[PDB]
$ cat upload.tsv   # TSV, N, CA and C atoms and all ligand atoms
chain	number	residue	atom	x	y	z
A	1313	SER	N	-27.56	-77.82	-130.81
A	1313	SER	CA	-28.24	-76.57	-131.22
A	1313	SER	C	-27.24	-75.39	-131.23
A	1314	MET	N	-27.50	-74.29	-130.51
A	1314	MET	CA	-27.09	-72.95	-131.02
A	1314	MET	C	-25.58	-72.66	-131.21
A	1315	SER	N	-24.69	-72.95	-130.25
A	1315	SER	CA	-23.23	-72.82	-130.52
A	1315	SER	C	-22.78	-73.72	-131.70
A	1316	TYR	N	-21.96	-73.17	-132.61
A	1316	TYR	CA	-21.49	-73.90	-133.79
A	1316	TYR	C	-22.62	-74.49	-134.70
A	1317	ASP	N	-23.75	-73.79	-134.76
A	1317	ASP	CA	-24.90	-74.16	-135.59
A	1317	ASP	C	-24.45	-73.97	-137.05
A	1318	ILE	N	-24.26	-75.06	-137.79
A	1318	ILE	CA	-23.88	-74.93	-139.23
A	1318	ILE	C	-24.99	-74.43	-140.15
A	1319	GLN	N	-26.22	-74.19	-139.67
A	1319	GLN	CA	-27.29	-73.60	-140.50
A	1319	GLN	C	-27.48	-72.07	-140.25
A	1320	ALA	N	-26.76	-71.52	-139.29
A	1320	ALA	CA	-27.01	-70.17	-138.80
A	1320	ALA	C	-26.63	-69.16	-139.87
A	1321	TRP	N	-25.68	-69.54	-140.71
A	1321	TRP	CA	-25.25	-68.62	-141.79
A	1321	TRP	C	-26.35	-68.22	-142.71
A	1322	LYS	N	-27.37	-69.05	-142.89
A	1322	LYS	CA	-28.43	-68.68	-143.79
A	1322	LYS	C	-29.23	-67.46	-143.40
A	1323	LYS	N	-29.74	-67.46	-142.17
A	1323	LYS	CA	-30.42	-66.27	-141.66
A	1323	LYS	C	-29.49	-65.07	-141.61
A	1324	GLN	N	-28.20	-65.27	-141.27
A	1324	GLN	CA	-27.23	-64.15	-141.30
A	1324	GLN	C	-27.09	-63.49	-142.69
A	1325	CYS	N	-27.08	-64.33	-143.73
A	1325	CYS	CA	-26.92	-63.85	-145.10
A	1325	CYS	C	-28.20	-63.22	-145.59
A	1326	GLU	N	-29.33	-63.75	-145.12
A	1326	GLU	CA	-30.60	-63.17	-145.43
A	1326	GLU	C	-30.64	-61.74	-144.85
A	1327	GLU	N	-30.21	-61.58	-143.60
A	1327	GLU	CA	-30.18	-60.23	-142.96
A	1327	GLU	C	-29.22	-59.26	-143.66
A	1328	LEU	N	-28.07	-59.77	-144.06
A	1328	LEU	CA	-27.10	-58.96	-144.80
A	1328	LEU	C	-27.68	-58.51	-146.16
A	1329	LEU	N	-28.29	-59.44	-146.89
A	1329	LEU	CA	-28.95	-59.08	-148.14
A	1329	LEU	C	-29.98	-58.01	-147.95
A	1330	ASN	N	-30.74	-58.06	-146.84
A	1330	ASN	CA	-31.66	-56.99	-146.45
A	1330	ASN	C	-30.97	-55.65	-146.29
A	1331	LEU	N	-29.85	-55.62	-145.58
A	1331	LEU	CA	-29.06	-54.36	-145.47
A	1331	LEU	C	-28.60	-53.86	-146.82
A	1332	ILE	N	-28.10	-54.79	-147.66
A	1332	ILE	CA	-27.62	-54.44	-149.00
A	1332	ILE	C	-28.76	-53.82	-149.84
A	1333	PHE	N	-29.97	-54.44	-149.84
A	1333	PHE	CA	-31.09	-53.84	-150.60
A	1333	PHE	C	-31.46	-52.44	-150.09
A	1334	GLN	N	-31.25	-52.18	-148.79
A	1334	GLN	CA	-31.46	-50.81	-148.22
A	1334	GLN	C	-30.50	-49.75	-148.68
A	1335	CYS	N	-29.24	-50.15	-148.86
A	1335	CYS	CA	-28.19	-49.24	-149.30
A	1335	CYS	C	-28.46	-48.63	-150.65
A	1336	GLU	N	-28.39	-47.31	-150.74
A	1336	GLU	CA	-28.60	-46.64	-152.04
A	1336	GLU	C	-27.53	-47.10	-153.01
A	1337	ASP	N	-26.34	-47.45	-152.48
A	1337	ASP	CA	-25.23	-47.97	-153.31
A	1337	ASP	C	-25.53	-49.29	-154.04
A	1338	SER	N	-26.52	-50.07	-153.60
A	1338	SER	CA	-26.89	-51.29	-154.36
A	1338	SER	C	-27.84	-51.10	-155.52
A	1339	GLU	N	-28.42	-49.90	-155.68
A	1339	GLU	CA	-29.47	-49.67	-156.72
A	1339	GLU	C	-29.18	-50.21	-158.15
A	1340	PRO	N	-27.95	-49.98	-158.70
A	1340	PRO	CA	-27.60	-50.58	-160.00
A	1340	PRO	C	-27.50	-52.09	-160.02
A	1341	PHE	N	-27.43	-52.75	-158.84
A	1341	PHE	CA	-27.08	-54.14	-158.76
A	1341	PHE	C	-28.18	-55.01	-158.21
A	1342	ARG	N	-29.41	-54.46	-158.07
A	1342	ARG	CA	-30.54	-55.20	-157.50
A	1342	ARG	C	-31.17	-56.19	-158.43
A	1343	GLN	N	-31.21	-55.88	-159.71
A	1343	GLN	CA	-31.96	-56.61	-160.73
A	1343	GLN	C	-30.98	-56.90	-161.83
A	1344	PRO	N	-31.24	-57.96	-162.62
A	1344	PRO	CA	-30.44	-58.25	-163.79
A	1344	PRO	C	-30.41	-57.06	-164.73
A	1345	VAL	N	-29.27	-56.85	-165.37
A	1345	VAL	CA	-29.17	-55.86	-166.44
A	1345	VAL	C	-30.16	-56.23	-167.54
A	1346	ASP	N	-30.69	-55.21	-168.22
A	1346	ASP	CA	-31.53	-55.39	-169.41
A	1346	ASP	C	-30.71	-55.34	-170.70
A	1347	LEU	N	-30.58	-56.51	-171.33
A	1347	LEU	CA	-30.10	-56.71	-172.75
A	1347	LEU	C	-30.34	-55.59	-173.80
A	1348	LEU	N	-31.57	-55.09	-173.89
A	1348	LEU	CA	-31.99	-54.25	-175.01
A	1348	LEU	C	-31.55	-52.78	-174.78
A	1349	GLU	N	-31.41	-52.38	-173.52
A	1349	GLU	CA	-30.83	-51.09	-173.17
A	1349	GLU	C	-29.28	-51.06	-173.21
A	1350	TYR	N	-28.64	-52.13	-172.72
A	1350	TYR	CA	-27.18	-52.28	-172.81
A	1350	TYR	C	-26.89	-53.49	-173.69
A	1351	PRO	N	-27.01	-53.30	-175.02
A	1351	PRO	CA	-26.89	-54.48	-175.90
A	1351	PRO	C	-25.50	-55.09	-175.87
A	1352	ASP	N	-24.51	-54.25	-175.55
A	1352	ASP	CA	-23.18	-54.70	-175.44
A	1352	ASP	C	-22.87	-55.35	-174.08
A	1353	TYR	N	-23.77	-55.31	-173.07
A	1353	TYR	CA	-23.42	-55.88	-171.71
A	1353	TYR	C	-22.89	-57.32	-171.85
A	1354	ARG	N	-23.63	-58.13	-172.60
A	1354	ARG	CA	-23.20	-59.51	-172.82
A	1354	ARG	C	-22.00	-59.67	-173.73
A	1355	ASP	N	-21.63	-58.63	-174.48
A	1355	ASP	CA	-20.33	-58.69	-175.16
A	1355	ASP	C	-19.17	-58.63	-174.20
A	1356	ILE	N	-19.39	-58.03	-173.02
A	1356	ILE	CA	-18.34	-57.82	-172.05
A	1356	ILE	C	-18.38	-58.86	-170.92
A	1357	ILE	N	-19.60	-59.23	-170.51
A	1357	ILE	CA	-19.81	-60.00	-169.29
A	1357	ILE	C	-20.29	-61.39	-169.60
A	1358	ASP	N	-19.53	-62.38	-169.15
A	1358	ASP	CA	-19.87	-63.77	-169.40
A	1358	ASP	C	-21.00	-64.31	-168.53
A	1359	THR	N	-20.97	-63.95	-167.25
A	1359	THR	CA	-21.85	-64.53	-166.23
A	1359	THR	C	-22.48	-63.40	-165.41
A	1360	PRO	N	-23.66	-62.94	-165.84
A	1360	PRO	CA	-24.30	-61.86	-165.14
A	1360	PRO	C	-24.70	-62.32	-163.77
A	1361	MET	N	-24.73	-61.39	-162.86
A	1361	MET	CA	-25.19	-61.74	-161.51
A	1361	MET	C	-25.71	-60.47	-160.88
A	1362	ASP	N	-26.68	-60.63	-159.97
A	1362	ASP	CA	-27.29	-59.46	-159.32
A	1362	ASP	C	-27.81	-59.87	-157.96
A	1363	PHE	N	-28.13	-58.91	-157.11
A	1363	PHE	CA	-28.50	-59.28	-155.75
A	1363	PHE	C	-29.88	-59.95	-155.60
A	1364	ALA	N	-30.85	-59.69	-156.49
A	1364	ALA	CA	-32.15	-60.41	-156.46
A	1364	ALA	C	-31.97	-61.89	-156.76
A	1365	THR	N	-31.11	-62.16	-157.72
A	1365	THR	CA	-30.72	-63.54	-158.04
A	1365	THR	C	-30.05	-64.21	-156.85
A	1366	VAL	N	-29.12	-63.55	-156.18
A	1366	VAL	CA	-28.46	-64.14	-155.02
A	1366	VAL	C	-29.49	-64.39	-153.91
A	1367	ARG	N	-30.37	-63.41	-153.68
A	1367	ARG	CA	-31.41	-63.57	-152.65
A	1367	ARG	C	-32.34	-64.73	-153.00
A	1368	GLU	N	-32.70	-64.92	-154.27
A	1368	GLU	CA	-33.60	-66.03	-154.64
A	1368	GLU	C	-32.88	-67.40	-154.55
A	1369	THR	N	-31.63	-67.45	-154.99
A	1369	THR	CA	-30.81	-68.67	-154.80
A	1369	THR	C	-30.70	-69.11	-153.37
A	1370	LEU	N	-30.48	-68.15	-152.44
A	1370	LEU	CA	-30.47	-68.45	-151.03
A	1370	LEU	C	-31.85	-68.93	-150.52
A	1371	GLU	N	-32.92	-68.24	-150.92
A	1371	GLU	CA	-34.28	-68.62	-150.52
A	1371	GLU	C	-34.61	-70.02	-151.04
A	1372	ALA	N	-34.20	-70.32	-152.27
A	1372	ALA	CA	-34.40	-71.67	-152.86
A	1372	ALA	C	-33.64	-72.81	-152.17
A	1373	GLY	N	-32.65	-72.53	-151.30
A	1373	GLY	CA	-31.79	-73.54	-150.64
A	1373	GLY	C	-30.60	-74.05	-151.47
A	1374	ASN	N	-30.21	-73.28	-152.46
A	1374	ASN	CA	-29.22	-73.67	-153.49
A	1374	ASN	C	-27.81	-73.18	-153.31
A	1375	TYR	N	-27.50	-72.63	-152.12
A	1375	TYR	CA	-26.13	-72.43	-151.73
A	1375	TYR	C	-25.82	-73.47	-150.63
A	1376	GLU	N	-24.72	-74.19	-150.79
A	1376	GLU	CA	-24.33	-75.25	-149.87
A	1376	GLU	C	-23.57	-74.64	-148.70
A	1377	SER	N	-23.11	-73.39	-148.86
A	1377	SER	CA	-22.33	-72.73	-147.81
A	1377	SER	C	-22.35	-71.25	-148.01
A	1378	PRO	N	-21.82	-70.52	-147.02
A	1378	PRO	CA	-21.75	-69.07	-147.23
A	1378	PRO	C	-20.63	-68.71	-148.20
A	1379	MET	N	-19.67	-69.62	-148.42
A	1379	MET	CA	-18.61	-69.32	-149.38
A	1379	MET	C	-19.21	-69.34	-150.78
A	1380	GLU	N	-20.22	-70.20	-151.05
A	1380	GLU	CA	-20.84	-70.17	-152.37
A	1380	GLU	C	-21.59	-68.90	-152.62
A	1381	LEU	N	-22.23	-68.37	-151.58
A	1381	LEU	CA	-22.94	-67.14	-151.67
A	1381	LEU	C	-21.96	-66.00	-151.94
A	1382	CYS	N	-20.85	-66.05	-151.20
A	1382	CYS	CA	-19.86	-65.01	-151.27
A	1382	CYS	C	-19.29	-64.98	-152.71
A	1383	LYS	N	-19.13	-66.14	-153.36
A	1383	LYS	CA	-18.57	-66.18	-154.70
A	1383	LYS	C	-19.47	-65.42	-155.67
A	1384	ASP	N	-20.78	-65.69	-155.58
A	1384	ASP	CA	-21.74	-65.00	-156.44
A	1384	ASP	C	-21.75	-63.49	-156.15
A	1385	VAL	N	-21.65	-63.07	-154.89
A	1385	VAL	CA	-21.68	-61.63	-154.64
A	1385	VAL	C	-20.39	-61.00	-155.23
A	1386	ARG	N	-19.26	-61.68	-155.02
A	1386	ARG	CA	-18.01	-61.15	-155.58
A	1386	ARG	C	-18.01	-61.08	-157.07
A	1387	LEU	N	-18.85	-61.89	-157.73
A	1387	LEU	CA	-19.02	-61.84	-159.16
A	1387	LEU	C	-19.76	-60.57	-159.53
A	1388	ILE	N	-20.76	-60.18	-158.73
A	1388	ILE	CA	-21.37	-58.89	-159.02
A	1388	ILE	C	-20.30	-57.78	-159.11
A	1389	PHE	N	-19.39	-57.77	-158.15
A	1389	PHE	CA	-18.41	-56.69	-158.08
A	1389	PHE	C	-17.35	-56.76	-159.18
A	1390	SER	N	-16.93	-57.97	-159.52
A	1390	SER	CA	-15.96	-58.14	-160.55
A	1390	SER	C	-16.59	-57.82	-161.91
A	1391	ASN	N	-17.87	-58.17	-162.07
A	1391	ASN	CA	-18.56	-57.82	-163.29
A	1391	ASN	C	-18.64	-56.28	-163.41
A	1392	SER	N	-18.92	-55.58	-162.32
A	1392	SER	CA	-19.05	-54.13	-162.39
A	1392	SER	C	-17.72	-53.51	-162.79
A	1393	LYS	N	-16.61	-54.03	-162.23
A	1393	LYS	CA	-15.27	-53.48	-162.54
A	1393	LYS	C	-14.92	-53.70	-164.01
A	1394	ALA	N	-15.38	-54.82	-164.58
A	1394	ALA	CA	-15.14	-55.05	-166.03
A	1394	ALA	C	-15.98	-54.15	-166.90
A	1395	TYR	N	-17.25	-53.97	-166.53
A	1395	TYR	CA	-18.14	-53.20	-167.40
A	1395	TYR	C	-17.97	-51.66	-167.26
A	1396	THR	N	-17.65	-51.23	-166.06
A	1396	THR	CA	-17.43	-49.86	-165.68
A	1396	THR	C	-16.00	-49.81	-165.08
A	1397	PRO	N	-14.98	-49.87	-165.95
A	1397	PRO	CA	-13.59	-49.88	-165.48
A	1397	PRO	C	-13.03	-48.53	-164.92
A	1398	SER	N	-13.64	-47.41	-165.23
A	1398	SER	CA	-13.04	-46.08	-164.95
A	1398	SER	C	-13.27	-45.65	-163.53
A	1399	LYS	N	-12.17	-45.36	-162.85
A	1399	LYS	CA	-12.19	-44.90	-161.48
A	1399	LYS	C	-12.84	-43.52	-161.34
A	1400	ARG	N	-12.95	-42.77	-162.44
A	1400	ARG	CA	-13.69	-41.49	-162.51
A	1400	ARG	C	-15.23	-41.68	-162.38
A	1401	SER	N	-15.74	-42.87	-162.72
A	1401	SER	CA	-17.18	-43.12	-162.73
A	1401	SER	C	-17.76	-43.20	-161.35
A	1402	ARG	N	-18.85	-42.49	-161.15
A	1402	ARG	CA	-19.58	-42.63	-159.88
A	1402	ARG	C	-20.05	-44.05	-159.57
A	1403	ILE	N	-20.32	-44.82	-160.63
A	1403	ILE	CA	-20.78	-46.17	-160.52
A	1403	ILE	C	-19.64	-47.04	-159.98
A	1404	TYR	N	-18.42	-46.76	-160.46
A	1404	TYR	CA	-17.22	-47.42	-159.92
A	1404	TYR	C	-17.12	-47.21	-158.41
A	1405	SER	N	-17.26	-45.97	-158.00
A	1405	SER	CA	-17.17	-45.58	-156.60
A	1405	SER	C	-18.23	-46.29	-155.76
A	1406	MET	N	-19.44	-46.34	-156.28
A	1406	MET	CA	-20.56	-47.02	-155.60
A	1406	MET	C	-20.27	-48.48	-155.39
A	1407	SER	N	-19.78	-49.10	-156.44
A	1407	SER	CA	-19.40	-50.48	-156.42
A	1407	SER	C	-18.37	-50.73	-155.31
A	1408	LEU	N	-17.34	-49.88	-155.28
A	1408	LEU	CA	-16.26	-50.03	-154.30
A	1408	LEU	C	-16.77	-49.91	-152.89
A	1409	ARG	N	-17.64	-48.90	-152.63
A	1409	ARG	CA	-18.23	-48.70	-151.27
A	1409	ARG	C	-19.01	-49.96	-150.87
A	1410	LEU	N	-19.82	-50.47	-151.79
A	1410	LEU	CA	-20.74	-51.53	-151.41
A	1410	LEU	C	-19.97	-52.81	-151.24
A	1411	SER	N	-18.99	-53.06	-152.10
A	1411	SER	CA	-18.08	-54.19	-151.89
A	1411	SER	C	-17.43	-54.22	-150.48
A	1412	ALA	N	-16.85	-53.08	-150.12
A	1412	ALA	CA	-16.21	-52.96	-148.81
A	1412	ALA	C	-17.24	-53.21	-147.72
A	1413	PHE	N	-18.46	-52.70	-147.85
A	1413	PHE	CA	-19.51	-52.97	-146.85
A	1413	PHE	C	-19.80	-54.48	-146.76
A	1414	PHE	N	-19.98	-55.10	-147.91
A	1414	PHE	CA	-20.23	-56.53	-147.95
A	1414	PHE	C	-19.07	-57.29	-147.30
A	1415	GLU	N	-17.82	-56.95	-147.68
A	1415	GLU	CA	-16.68	-57.74	-147.22
A	1415	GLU	C	-16.47	-57.62	-145.71
A	1416	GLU	N	-16.81	-56.46	-145.16
A	1416	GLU	CA	-16.79	-56.26	-143.71
A	1416	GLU	C	-17.74	-57.17	-142.98
A	1417	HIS	N	-18.96	-57.25	-143.49
A	1417	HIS	CA	-20.08	-57.92	-142.81
A	1417	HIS	C	-20.03	-59.42	-143.03
A	1418	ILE	N	-19.59	-59.86	-144.20
A	1418	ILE	CA	-19.57	-61.30	-144.49
A	1418	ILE	C	-18.42	-62.00	-143.72
A	1419	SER	N	-17.40	-61.22	-143.38
A	1419	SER	CA	-16.22	-61.70	-142.69
A	1419	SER	C	-16.51	-62.64	-141.51
A	1420	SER	N	-17.32	-62.17	-140.58
A	1420	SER	CA	-17.69	-62.96	-139.39
A	1420	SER	C	-18.60	-64.15	-139.74
A	1421	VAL	N	-19.45	-64.00	-140.76
A	1421	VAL	CA	-20.32	-65.08	-141.19
A	1421	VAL	C	-19.49	-66.25	-141.67
A	1422	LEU	N	-18.45	-65.93	-142.46
A	1422	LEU	CA	-17.54	-66.94	-143.00
A	1422	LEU	C	-16.71	-67.60	-141.90
A	1423	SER	N	-16.09	-66.78	-141.05
A	1423	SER	CA	-15.21	-67.28	-140.01
A	1423	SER	C	-16.00	-68.15	-139.05
A	1424	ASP	N	-17.18	-67.70	-138.64
A	1424	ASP	CA	-18.04	-68.50	-137.76
A	1424	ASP	C	-18.45	-69.84	-138.36
A	1425	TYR	N	-18.78	-69.84	-139.63
A	1425	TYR	CA	-19.20	-71.06	-140.31
A	1425	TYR	C	-18.04	-72.04	-140.37
A	1426	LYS	N	-16.86	-71.56	-140.77
A	1426	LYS	CA	-15.70	-72.44	-140.87
A	1426	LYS	C	-15.29	-72.96	-139.48
A	1427	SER	N	-15.40	-72.14	-138.43
A	1427	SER	CA	-15.21	-72.61	-137.03
A	1427	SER	C	-16.14	-73.76	-136.71
A	1428	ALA	N	-17.43	-73.57	-136.99
A	1428	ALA	CA	-18.44	-74.61	-136.78
A	1428	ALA	C	-18.05	-75.88	-137.47
A	1429	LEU	N	-17.56	-75.72	-138.71
A	1429	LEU	CA	-17.17	-76.86	-139.54
A	1429	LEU	C	-16.04	-77.62	-138.86
A	1430	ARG	N	-15.06	-76.85	-138.43
A	1430	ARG	CA	-13.87	-77.38	-137.86
A	1430	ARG	C	-14.18	-78.19	-136.56
A	1431	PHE	N	-15.04	-77.61	-135.72
A	1431	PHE	CA	-15.57	-78.27	-134.50
A	1431	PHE	C	-16.33	-79.58	-134.76
A	1432	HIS	N	-17.34	-79.56	-135.63
A	1432	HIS	CA	-18.05	-80.80	-135.96
A	1432	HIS	C	-17.19	-81.84	-136.67
A	1433	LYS	N	-16.26	-81.43	-137.54
A	1433	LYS	CA	-15.31	-82.41	-138.16
A	1433	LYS	C	-14.41	-83.08	-137.10
A	1434	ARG	N	-13.96	-82.30	-136.10
A	1434	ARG	CA	-13.07	-82.79	-135.04
A	1434	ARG	C	-13.76	-83.66	-134.02
A	1435	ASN	N	-15.11	-83.62	-133.93
A	1435	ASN	CA	-15.90	-84.29	-132.83
A	1435	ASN	C	-17.05	-85.23	-133.26
A	1501	LIG	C1	-23.96	-50.74	-162.69
A	1501	LIG	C2	-24.46	-50.81	-164.11
A	1501	LIG	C3	-25.43	-49.91	-164.56
A	1501	LIG	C4	-25.98	-50.01	-165.82
A	1501	LIG	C5	-25.55	-51.01	-166.68
A	1501	LIG	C6	-24.58	-51.90	-166.28
A	1501	LIG	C7	-24.04	-51.81	-165.00
A	1501	LIG	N1	-23.11	-52.77	-164.57
A	1501	LIG	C8	-23.33	-53.91	-163.90
A	1501	LIG	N2	-24.55	-54.13	-163.40
A	1501	LIG	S1	-22.12	-55.09	-163.85
$ encode --input "upload.tsv" --output "structure tokens"
Amino acid sequence: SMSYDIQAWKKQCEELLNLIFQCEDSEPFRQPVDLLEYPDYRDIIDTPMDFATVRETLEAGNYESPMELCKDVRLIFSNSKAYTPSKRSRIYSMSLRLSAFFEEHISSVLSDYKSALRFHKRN
């Protein structure tokens, strides 16, 4: 059970997603972009991603690890940098703040999970 629990990352990521939805900085990134308002979004972005999608994928049981979750969240940020490239944009700034918040918090979730992995593989 609790030390080196390889399932513990799920509730941790659920809690982090909760913090992210609270942050005013996540507002542009909560829901999928709308095609008909930004008709060019798909001209620029190959693989859309948003935090409601990540939260539903996690709820569905479709991430095998926290690294898979982290990949999808990092796609949100990389997509924002491609679509809104200008450092003058407030949206750019928001993206950067929220990325840094995510990367701070996910850090321990990842390290703990990989520790757990390393322990159970060794024993
Ligand atoms: C932040 C934003 C607002 C409106 C339209 C597009 C975007 N960019 C992404 N969601 S990647």
$ closest_residue --input "upload.tsv" --among "A:1377, A:1334, A:1313, A:1405" --to "ligand LIG 1501 (chain A)" --atoms "only C-alpha atoms and all ligand atoms"
A:1405
$ atom_distance --input "upload.tsv" --atom1 "CA of residue 1369 in chain A" --atom2 "atom N of residue 1320 in chain A"
16.3 Å
$ residues_near_ligand --input "upload.tsv" --ligand "ligand LIG 1501 (chain A)" --cutoff "6 Å" --atoms "all atoms listed in the file" --output "CSV table (one decimal) with N, CA and C atoms, in the coordinates of the input"
chain,number,residue,atom,x,y,z
A,1340,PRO,N,-28.0,-50.0,-158.7
A,1340,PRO,CA,-27.6,-50.6,-160.0
A,1340,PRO,C,-27.5,-52.1,-160.0
A,1341,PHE,N,-27.4,-52.8,-158.8
A,1341,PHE,CA,-27.1,-54.1,-158.8
A,1341,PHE,C,-28.2,-55.0,-158.2
A,1345,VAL,N,-29.3,-56.8,-165.4
A,1345,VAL,CA,-29.2,-55.9,-166.4
A,1345,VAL,C,-30.2,-56.2,-167.5
A,1388,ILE,N,-20.8,-60.2,-158.7
A,1388,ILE,CA,-21.4,-58.9,-159.0
A,1388,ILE,C,-20.3,-57.8,-159.1
A,1391,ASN,N,-17.9,-58.2,-162.1
A,1391,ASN,CA,-18.6,-57.8,-163.3
A,1391,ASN,C,-18.6,-56.3,-163.4
A,1392,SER,N,-18.9,-55.6,-162.3
A,1392,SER,CA,-19.0,-54.1,-162.4
A,1392,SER,C,-17.7,-53.5,-162.8
A,1393,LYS,N,-16.6,-54.0,-162.2
A,1393,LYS,CA,-15.3,-53.5,-162.5
A,1393,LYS,C,-14.9,-53.7,-164.0
A,1395,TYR,N,-17.2,-54.0,-166.5
A,1395,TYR,CA,-18.1,-53.2,-167.4
A,1395,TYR,C,-18.0,-51.7,-167.3
A,1396,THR,N,-17.6,-51.2,-166.1
A,1396,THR,CA,-17.4,-49.9,-165.7
A,1396,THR,C,-16.0,-49.8,-165.1
A,1403,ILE,N,-20.3,-44.8,-160.6
A,1403,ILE,CA,-20.8,-46.2,-160.5
A,1403,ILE,C,-19.6,-47.0,-160.0
$ closest_residue --input "upload.tsv" --among "A:1347, A:1314, A:1394, A:1385" --to "residue 1412 in chain A" --atoms "only C-alpha atoms"
A:1385
$ closest_residue --input "upload.tsv" --among "A:1315, A:1338, A:1343, A:1390" --to "residue 1406 in chain A" --atoms "all atoms listed in the file"
A:1338
$ select_by_dssp --input "upload.tsv" --residues "chain A" --states "alpha helix (DSSP H)" --output "JSON, numbers by chain"
{"A": [1320, 1321, 1322, 1323, 1324, 1325, 1326, 1327, 1328, 1329, 1330, 1331, 1332, 1333, 1334, 1353, 1354, 1355, 1356, 1363, 1364, 1365, 1366, 1367, 1368, 1369, 1370, 1371, 1378, 1379, 1380, 1381, 1382, 1383, 1384, 1385, 1386, 1387, 1388, 1389, 1390, 1391, 1392, 1393, 1394, 1395, 1402, 1403, 1404, 1405, 1406, 1407, 1408, 1409, 1410, 1411, 1412, 1413, 1414, 1415, 1416, 1417, 1418, 1419, 1420, 1421, 1422, 1423, 1424, 1425, 1426, 1427, 1428, 1429, 1430, 1431, 1432, 1433, 1434]}
$ closest_residue --input "upload.tsv" --among "A:1326, A:1352, A:1346, A:1337" --to "residue 1366 in chain A" --atoms "only C-alpha atoms"
A:1326
$ closest_residue --input "upload.tsv" --among "A:1375, A:1382, A:1410, A:1420" --to "residue 1319 in chain A" --atoms "only C-alpha atoms"
A:1375
$ atom_distance --input "upload.tsv" --atom1 "CA of residue 1399 in chain A" --atom2 "CA of residue 1344 in chain A"
22.7 Å
$ closest_residue --input "upload.tsv" --among "A:1381, A:1325, A:1387, A:1429" --to "residue 1358 in chain A" --atoms "only C-alpha atoms"
A:1387
$ build_atoms --input "upload.tsv" --residues "range 1366-1377 of chain A" --atoms "N, CA, C and O atoms" --output "PDB file, keeping the file's coordinate frame"
ATOM      1  N   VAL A1366     -29.120 -63.550-156.180  1.00  0.00           N
ATOM      2  CA  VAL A1366     -28.460 -64.140-155.020  1.00  0.00           C
ATOM      3  C   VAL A1366     -29.490 -64.390-153.910  1.00  0.00           C
ATOM      4  O   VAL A1366     -29.494 -65.446-153.280  1.00  0.00           O
ATOM      5  N   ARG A1367     -30.370 -63.410-153.680  1.00  0.00           N
ATOM      6  CA  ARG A1367     -31.410 -63.570-152.650  1.00  0.00           C
ATOM      7  C   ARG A1367     -32.340 -64.730-153.000  1.00  0.00           C
ATOM      8  O   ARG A1367     -32.672 -65.506-152.103  1.00  0.00           O
ATOM      9  N   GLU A1368     -32.700 -64.920-154.270  1.00  0.00           N
ATOM     10  CA  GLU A1368     -33.600 -66.030-154.640  1.00  0.00           C
ATOM     11  C   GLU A1368     -32.880 -67.400-154.550  1.00  0.00           C
ATOM     12  O   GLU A1368     -33.427 -68.382-154.081  1.00  0.00           O
ATOM     13  N   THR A1369     -31.630 -67.450-154.990  1.00  0.00           N
ATOM     14  CA  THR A1369     -30.810 -68.670-154.800  1.00  0.00           C
ATOM     15  C   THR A1369     -30.700 -69.110-153.370  1.00  0.00           C
ATOM     16  O   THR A1369     -30.758 -70.275-153.086  1.00  0.00           O
ATOM     17  N   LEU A1370     -30.480 -68.150-152.440  1.00  0.00           N
ATOM     18  CA  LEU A1370     -30.470 -68.450-151.030  1.00  0.00           C
ATOM     19  C   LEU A1370     -31.850 -68.930-150.520  1.00  0.00           C
ATOM     20  O   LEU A1370     -31.891 -69.941-149.811  1.00  0.00           O
ATOM     21  N   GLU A1371     -32.920 -68.240-150.920  1.00  0.00           N
ATOM     22  CA  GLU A1371     -34.280 -68.620-150.520  1.00  0.00           C
ATOM     23  C   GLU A1371     -34.610 -70.020-151.040  1.00  0.00           C
ATOM     24  O   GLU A1371     -35.236 -70.798-150.363  1.00  0.00           O
ATOM     25  N   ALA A1372     -34.200 -70.320-152.270  1.00  0.00           N
ATOM     26  CA  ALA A1372     -34.400 -71.670-152.860  1.00  0.00           C
ATOM     27  C   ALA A1372     -33.640 -72.810-152.170  1.00  0.00           C
ATOM     28  O   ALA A1372     -33.952 -73.980-152.470  1.00  0.00           O
ATOM     29  N   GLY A1373     -32.650 -72.530-151.300  1.00  0.00           N
ATOM     30  CA  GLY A1373     -31.790 -73.540-150.640  1.00  0.00           C
ATOM     31  C   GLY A1373     -30.600 -74.050-151.470  1.00  0.00           C
ATOM     32  O   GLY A1373     -30.035 -75.068-151.166  1.00  0.00           O
ATOM     33  N   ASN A1374     -30.210 -73.280-152.460  1.00  0.00           N
ATOM     34  CA  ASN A1374     -29.220 -73.670-153.490  1.00  0.00           C
ATOM     35  C   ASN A1374     -27.810 -73.180-153.310  1.00  0.00           C
ATOM     36  O   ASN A1374     -26.960 -73.352-154.241  1.00  0.00           O
ATOM     37  N   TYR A1375     -27.500 -72.630-152.120  1.00  0.00           N
ATOM     38  CA  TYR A1375     -26.130 -72.430-151.730  1.00  0.00           C
ATOM     39  C   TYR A1375     -25.820 -73.470-150.630  1.00  0.00           C
ATOM     40  O   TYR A1375     -26.570 -73.628-149.715  1.00  0.00           O
ATOM     41  N   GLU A1376     -24.720 -74.190-150.790  1.00  0.00           N
ATOM     42  CA  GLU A1376     -24.330 -75.250-149.870  1.00  0.00           C
ATOM     43  C   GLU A1376     -23.570 -74.640-148.700  1.00  0.00           C
ATOM     44  O   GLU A1376     -23.471 -75.269-147.632  1.00  0.00           O
ATOM     45  N   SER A1377     -23.110 -73.390-148.860  1.00  0.00           N
ATOM     46  CA  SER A1377     -22.330 -72.730-147.810  1.00  0.00           C
ATOM     47  C   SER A1377     -22.350 -71.250-148.010  1.00  0.00           C
ATOM     48  O   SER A1377     -22.713 -70.778-149.095  1.00  0.00           O
TER      49      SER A1377
END
